[PDB]
Amino acid sequence: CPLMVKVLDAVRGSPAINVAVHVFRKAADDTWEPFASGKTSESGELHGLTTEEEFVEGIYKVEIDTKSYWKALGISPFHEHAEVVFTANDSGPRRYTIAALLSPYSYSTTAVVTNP
Amino acid sequence: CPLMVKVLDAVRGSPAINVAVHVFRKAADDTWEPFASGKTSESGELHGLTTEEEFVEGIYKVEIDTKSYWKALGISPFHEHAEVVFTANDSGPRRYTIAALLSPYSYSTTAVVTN
Amino acid sequence: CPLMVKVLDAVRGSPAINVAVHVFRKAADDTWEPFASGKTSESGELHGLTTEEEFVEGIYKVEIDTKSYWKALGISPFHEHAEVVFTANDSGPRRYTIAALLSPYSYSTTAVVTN
Amino acid sequence: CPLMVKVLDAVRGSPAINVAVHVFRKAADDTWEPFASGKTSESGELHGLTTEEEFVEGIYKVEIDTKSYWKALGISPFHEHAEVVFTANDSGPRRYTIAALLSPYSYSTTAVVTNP
Ligand SMILES: Oc1c(I)cc(-c2nc3cccc(Cl)c3o2)cc1I
Ligand SMILES: Oc1c(I)cc(-c2nc3cccc(Cl)c3o2)cc1I
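Residues numbered from 1 in each chain as written, not as in the entry; some residues may be left out. Chains lettered and ligands numbered in written order. Heavy atoms only, no water. Residues with missing side-chain atoms left out of burial classes, pairs and counts.

- The deposited coordinates, according to the entry record, derive from X-ray crystallography at 1.40 Å resolution.

And the structure:
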């Protein structure tokens, strides 16, 4: 699995479950093309977005639908979404974990990048 | 001043100076139109981006050019930029400060919304 | 003013007001001796804790009473407090700002060290 | 496993390996008593600190030796350590993950708390 996402909730001290995530890849014509999407599991994790073959070099955007998450919990949050934009596989194939820690008016994100 | 940005460096423990910041407002066709930009000051702050009259309700995006900042420091970054996207609302407090704390492979952002 | 503290609330998007803050300096016997304290202001800031003459090199601890803050808001917190422990050094910049961004089950802290 | 720690490095985008961690429990006499210690693995994780039987209610301090970590990487960091202090098992037994994301002049921490 070369691209996985993990989302945590800093209010409840839990995984952030059922969070929608959309991944896009920047095209030759400089638009964002749909790449993959899914929702986080009970563990806050989203696996199985892509494959090593399909996940070629490029600029990727991971959009995490944080606003829907908070509204379902009764909270009107600040952000529309959290977006993580990065170049992938520029130094050969890597495995990427995109982590995000959510609060109503804040988020933090980090990457864990490993060499297969 | 209804919209301020503050950028800090978690590696050096300092303001993040000379970081380019672009603000966009979402148009009716759902594209992003340029709205304001500047470079952070010696204190990591960017003031004067807009005015109360111009900063009407809507969806805005603040894009912070983190990659160029790290590159200037000789350090390999992960992200192309940090994007903060939010709705401006007239119901709440009048002043938005968008703060970002930068590391090469990570950033944290918060909003401080006051009167 | 060589030591400032700023505390922000990641739930409300605001300064964290009326948060108790205690500073301690590590003694030769390795116990913590009280040094300064106060409550954050309406802007989430606490100034005037010490002076340049008093703030000599050594190990200091800044304890932020996060639990009482959340309790006052009716929200169950995880931590008893947030502790920031560091060495003050004369070689570097003169002004330390300890910033903390608070959530019920999480906090982030950074140092901004300037002239 | 009722108490585990995970440490990540926000400079390198990797686990924080070989990080020393000391856990203390507040005694009846209000001192900090040693409870358990270990080091993070290649995955940035520390498991096996304690057992469900031993991990009774109390106030616990997890001290993560961040300064040694950064100095080994050639960096002179701000903090002496990162300390996470919390009451455990007050609403019955729980499993706790203490996560920390490290930078030279900053850290973030969160808890993931689950009911067995
Ligand atoms: O004036 C200030 C403002 I506004 C914000 C910060 C701040 N400290 C942070 C620590 C972690 C994450 C984030 Cl976003 C943070 O923002 C500090 C100062 I000084
Ligand atoms: O398995 C994981 C666990 I548990 C925690 C995180 C985590 N990502 C963070 C980003 C910012 C701040 C903090 Cl404390 C974070 O904690 C990541 C993974 I992968």
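### A word on the overall build of chain A
Step number 1: A tally of helices and strands in chain A yields one helix and nine strands.
Step number 2: Shown N-terminal to C-terminal, the secondary structure of chain A runs as helices and strands in the order β-β-β-β-β-β-α-β-β-β.
Step number 3: Oriented by its inertia axes, the alpha-carbon framework of chain A measures out at about 40 × 30 × 20 Å.
Step number 4: A sequence separation of at least 24 residues applies to 59% of the contacts in chain A between residues at least 6 apart. (Helix = DSSP H or I, 4+ residues; strand = E, 2+ residues; numbered from the N terminus. Contact = heavy atoms within 4.5 Å.)

### Some words on the overall build of chain B
Step number 1: A tally of regular secondary structure across chain B gives one helix and nine strands.
Step number 2: Of the regular secondary structure in chain B, the N- to C-terminal order runs β-β-β-β-β-β-α-β-β-β.
Step number 3: In terms of overall dimensions, chain B is globule-like: its C-alpha atoms have a radius of gyration of 14 Å, near the 13 Å expected for 115 residues.
Step number 4: By principal-axis analysis of the C-alpha atoms, chain B measures approximately 40 × 30 × 20 Å.
Step number 5: Residue pairs in contact within chain B that sit at least 24 positions apart in sequence constitute 59% of those at least 6 positions apart. (Rg over C-alpha atoms; globule rule 2.2 N^0.38 Å.)

### Focus on the UniProt feature "binding site: L-thyroxine" in chain A
Residues and elements named next belong to chain A.
Step number 1: Per the UniProt record, the feature "binding site: L-thyroxine" sits at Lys6, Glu45 and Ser108.
Step number 2: Its location among the elements puts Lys6 in strand β1 (residues 3-9).
Step number 3: A residue is classified by how much of its surface remains accessible, and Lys6, at 28% relative accessible area, is partly exposed.
Step number 4: The residues touching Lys6, leaving out its near neighbours within four places in the chain, are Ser43, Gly44, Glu45, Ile98, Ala99 and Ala100.
Step number 5: One polar contact links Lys6 to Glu45, side chain to side chain, over a distance of 3.3 Å.
Step number 6: You can see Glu45 is positioned in strand β5 (residues 45-46).
Step number 7: Exposure remark for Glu45: the relative accessible area of 25% places this residue in the partly exposed category.
Step number 8: Excluding anything up to four places from it in sequence, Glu45 contacts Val5, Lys6, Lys39 and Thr40. (UniProt positions renumbered as here; feature names shortened; annotations may be inferred. Buried < 20%, exposed > 50% of the residue type's maximum accessible area, 1.4 Å probe, protein only. Polar contact = N/O pair within 3.5 Å; in protein donor to acceptor, adjacent residues only side chain to side chain.)

### Thoughts on the side chain of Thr109(B)
Step number 1: As for its position among the elements, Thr109(B) is in strand β9 (residues 106-114).
Step number 2: Ignoring any residue separated from it by four or fewer positions in sequence, one finds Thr109(B) in contact with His79(A), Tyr105(A), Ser106(A), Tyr107(A), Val84(B), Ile98(B), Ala99(B) and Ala100(B).

### Some thoughts on the site of ligand 2
Step number 1: Lining the immediate environment of ligand 2, one finds 15 residues, of which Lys6(A), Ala99(A), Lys6(D), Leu8(D) and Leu101(D) sit closest.
Step number 2: Taken together, the residues near ligand 2 originate from chains A and D.
Step number 3: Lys6(A) places a side-chain nitrogen or oxygen 2.7 Å from an oxygen atom of ligand 2.
Step number 4: Alone, ligand 2 offers 490 Å² of accessible surface; in the complex the protein occludes 93% of this.
Step number 5: Going through the elements one at a time, β1, β8 (95-103) and β9 (106-114) of chain A together with β1 (3-9), β8 (95-103) and β9 (106-114) of chain D are the ones with two or more residues in the shell around ligand 2.
Step number 6: The residue inventory of the shell around ligand 2, partitioned by class, reads six nonpolar, seven polar and two charged. (Near = heavy atom within 4 Å. Areas by Shrake-Rupley, 256 points an atom, 1.4 Å probe, with all protein chains shown as cover. Nonpolar A, V, L, I, M, F, W, Y, C, P; charged D, E, K, R; others polar.)

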